[PDB]
Every structure is written in C-alpha cells, then in structure tokens.
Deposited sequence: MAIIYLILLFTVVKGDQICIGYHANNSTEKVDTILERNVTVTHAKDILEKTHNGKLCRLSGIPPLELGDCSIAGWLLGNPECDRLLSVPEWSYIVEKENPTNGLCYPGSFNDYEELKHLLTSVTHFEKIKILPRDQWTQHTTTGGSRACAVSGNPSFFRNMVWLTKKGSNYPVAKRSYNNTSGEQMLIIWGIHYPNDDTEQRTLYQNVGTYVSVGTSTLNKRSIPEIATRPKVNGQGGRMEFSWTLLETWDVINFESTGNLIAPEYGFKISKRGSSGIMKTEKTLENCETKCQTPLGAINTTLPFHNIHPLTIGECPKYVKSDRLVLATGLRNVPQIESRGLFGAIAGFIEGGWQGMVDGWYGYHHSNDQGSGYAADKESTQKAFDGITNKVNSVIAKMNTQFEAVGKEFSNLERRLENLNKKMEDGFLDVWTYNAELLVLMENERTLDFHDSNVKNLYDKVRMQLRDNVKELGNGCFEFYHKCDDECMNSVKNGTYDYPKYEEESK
C-alpha cells in the first residue's frame, strides 16, 4: 500500500480568490507594506531642512523669531509645520510664494551672503523698525532687509550688485504700503513714488497701493515682497524714490532636481531612508503600501486596500483538478519536509516520505510568481505633496483629481491581481498533486488497485527498496507479474 497526499499544518492564514472567500492556506505572504519606523530620516544621506515653526518667508526675510534656526547647506526636502507661527511678522504678501518654495525644495548648496551692506545707504535712514517685528520689546525688523527719509529728504536711492559669487543667487526685495497719504509723506516725502528692480531678464516697477486696512499685528501698513534669480556675472539695479525695503543679503543656490515640503511636527532623528512619509520612514521591497498618501522618495505605490495577501502554500484541510479537498479528501498533519508526498504501509514500516522532485518545482514557481509581482514595479523618485495659493483652487483640484485617479487604478489592479493570482496558486498546488497521483498510477497499472481516496493497494509483496523506487520514479512493471486479481 502506497498513498499520495499533501501537506497540512496548523496555520490559520486566510486569503481570498476570485472564486472563494476566507480560504485557509498553508503559507502566505503579504505584499502590502504597512509599517514605518516612526522616525523622520535623511533622504539618501542628505538631511531635510527643518524650519521648526517658521515659514520659508520668515526664514529668508530674517524674522527675529527664526534667529535660532541652523541652516544646513544642502537638504533633500523641507520640513514645515502645516500652519507655521513665524512668517511675515510685518503684515504683507509674497509674490509667487508657492513657486519660490517649490524651487528651494531641494538644494545642492545654499549659502547666505552679504551683497548690499546697510551702512552704505549714506543718504537715507536705515533703522526704521516696527513693533510688529518686536524683540521684547523694541521695534525691530526682518534681519535680512533694510529705507526712510533723512531729515525731510528722500533722494533717489540707487544701488546695484554684480553677482560675482560664481553661483546663481536668490534675491528678495519689498515695497511698503502705508495707511494713508500722510504716513506716506512722514516716511518718504514725495508721494508719486516707485520702486524699480531690473536685471538682464527681470524688469519691474511697483507703486504704493494705499487703502484703509484693519490692523494685523497692530499694523495697518503692508509690505509686499518679490524675488528673482540673478544669473552669474549679471547685475541687479535697484532704484527708488520711496517705499523700498532693500535686501542686505542674497542667497547662493545650486540645484540638481526638485523635491517637496513635508508638513509635520516630527524632528530629524538620524537614520536613513529611500522613502519618507509624515508618519515615519518606510523600508520595503513590496510594491504597495498604505501608510500615508504624502510620501517623498522612491516609494511603493499607495493603495486604499489594507490587505494584499498572496497565497504561497496550498489549501489547508484537517478545486479545479479534483484532488486537493477533492478525491484526496484531507491533508496530512504528519508530513513536514515537503508540500506533496507519499505514505506507505509495508511489512517493514510506514511511511511518510515527502516528494523532493516535485515540492522543489513548486517552491521555485511560487518564488518566481511572488518576485514577478514585486520586481516589475517601476518606482522613480517623486514628491507627491504640493502647494497652491487660494486663487489656485482649480489647479489644486486638478492635482487631487489626478492623484485620486491613480489611486483608484492601483487599488483596483492590486486587489484584482491578488484575487486572480490566488485562484491560480491554489489550482497550481491542486494540479501538482493530481499529477503526482497520475505519475504513480501510470507506473503501477495492473500491479496495483486504485482505492479512491488517493491510494494504491499492491497486488504483490513490496518492500522498502520497492517504494523507494516508486518514489524515485523507477519501478519496473515486468518484475511483478503476480496477478492476485
């Protein structure tokens, strides 16, 4: 007597197929990454620029509260809080702010630099400040910026700078808008004033826009800031009959690519990732994750699913080809060196001897299958999160529509892929078993009786060198023309 059977264990893994729900399997691999390390990490060896709770504006202008900052020279992304507490301490706006932020997203090198020393505004006053930028508790001001009437005269202010730093330079300036026509004279004299900033490509003229306005930080005045990139060996010319907030500093900047701003309170911790999320770093080979939509790095595809379990083992019992949970009605707790095997009753012994020849071919197959799903996923570096001003609602909605479209696609394809490939894994094991059965039947024939539950009853004395020959697929039919039938 020699039986064919398959492995069963005490596993409680459930997988789903297109055809069945909650099916207990023998072994399974989840292909959805759901763990992060809870740390904010460096991206490929380079840290993020951490803005504490300053805004980029607050930092670049030199809000006094951003004094204790610590500017690294490199950074691979930016950490900003959702709503930072120290931005424009003096009330105002920042032209093309979102574009400036996108630019400074990632930097190869970034160095502040003095380019228009304040002391050389010989003909103007340079010490104007405000209680809005107060330092317990005197008027102060953006530390990176500087002009008001000297005596009762505001002459044309006209300085320029040639970028000899050998790097592209960021440069910011501003224009002030007083409360009313008097404040405008008490500060600048003349009333038809302008601010002129020009480079080889930049060319801009601003005039004061005066309106009655509620106080913000105790101020009715406003300041509007603009910025340009000054190419190397180019010069920038300032000219103003009043209202100019001048830079004292510029910033050298080089860029390789781009990146993103990550909203979070977390702090740099000193580990390493190829992939960051506002929850923690992700370290995975898997093609999918459900940690958080707003990643930066080379990430697994984000999916709405919360389980993607591939079956790797076979159905687990105490399908398509009629053997497993079929004509062979149960699994063997006892066979534990393979997936499919033999069980002999002999004069000598009995008799669990798993089939290596075939269990092997299955390990490879199911190995290849899992690796196909994982290894085909192309993953470039992306930043996901983005920024839009409140007059860019449509454009923000376009972006949401796009991210949501891909999310639906990947979720659906990942769910259906798992379902289909599970139907096919189980049928695979079922056919492996049916084929082992048929490989024995096609050897024995007359020499054995088929019982019905996967058994062969031997018509002739068989012994250990006999089975050990069926197993190895080398049993000679001639040698046993006993016909006890």
{"item": "Sequence ranges absent from the coordinates, based on the deposited chain and numbered from 1", "value": "1-16, 163, 336-340"}
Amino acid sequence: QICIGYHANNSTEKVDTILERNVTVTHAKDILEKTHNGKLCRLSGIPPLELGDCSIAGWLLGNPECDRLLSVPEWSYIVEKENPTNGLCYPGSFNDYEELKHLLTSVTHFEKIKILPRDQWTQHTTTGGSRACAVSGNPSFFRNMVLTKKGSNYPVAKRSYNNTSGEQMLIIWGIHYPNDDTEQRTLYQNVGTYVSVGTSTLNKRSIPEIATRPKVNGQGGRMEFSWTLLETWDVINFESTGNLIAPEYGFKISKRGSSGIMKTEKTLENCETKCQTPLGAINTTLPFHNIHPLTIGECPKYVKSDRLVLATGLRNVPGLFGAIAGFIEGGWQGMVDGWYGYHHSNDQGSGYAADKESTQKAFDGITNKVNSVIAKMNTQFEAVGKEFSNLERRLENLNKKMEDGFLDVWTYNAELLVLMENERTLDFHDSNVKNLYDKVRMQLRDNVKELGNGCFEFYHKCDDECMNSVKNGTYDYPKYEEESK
From here on, numbers count along this sequence of modelled residues.
{"property": "347-355 or 237-245, whichever carries the higher mean Cα B-factor", "result": "347-355"}
{"property": "Mean C-alpha B-factor comparison - 420-428 and 455-463, higher one", "result": "455-463"}
{"property": "Residue with maximal Cα B-factor (values as given in the PDB entry) among 81, 274, 256, 304", "result": "256"}
{"property": "Candidate set 106, 164, 389, 152 [ranked by C-alpha B-factor, highest]", "result": "152"}
{"property": "Chain thirds of CA B-factor: placement of residue 33", "result": "middle"}
{"property": "CA B-factor ranking of residue 209, expressed as a third of its chain", "result": "highest"}
{"property": "Assigned third (lowest, middle, highest) for the C-alpha B factor of residue 250", "result": "lowest"}
{"property": "Chain-relative CA temperature factor third for residue 65", "result": "middle"}
{"property": "Cα B factor band for residue 410 (lowest, middle or highest third within the chain)", "result": "lowest"}
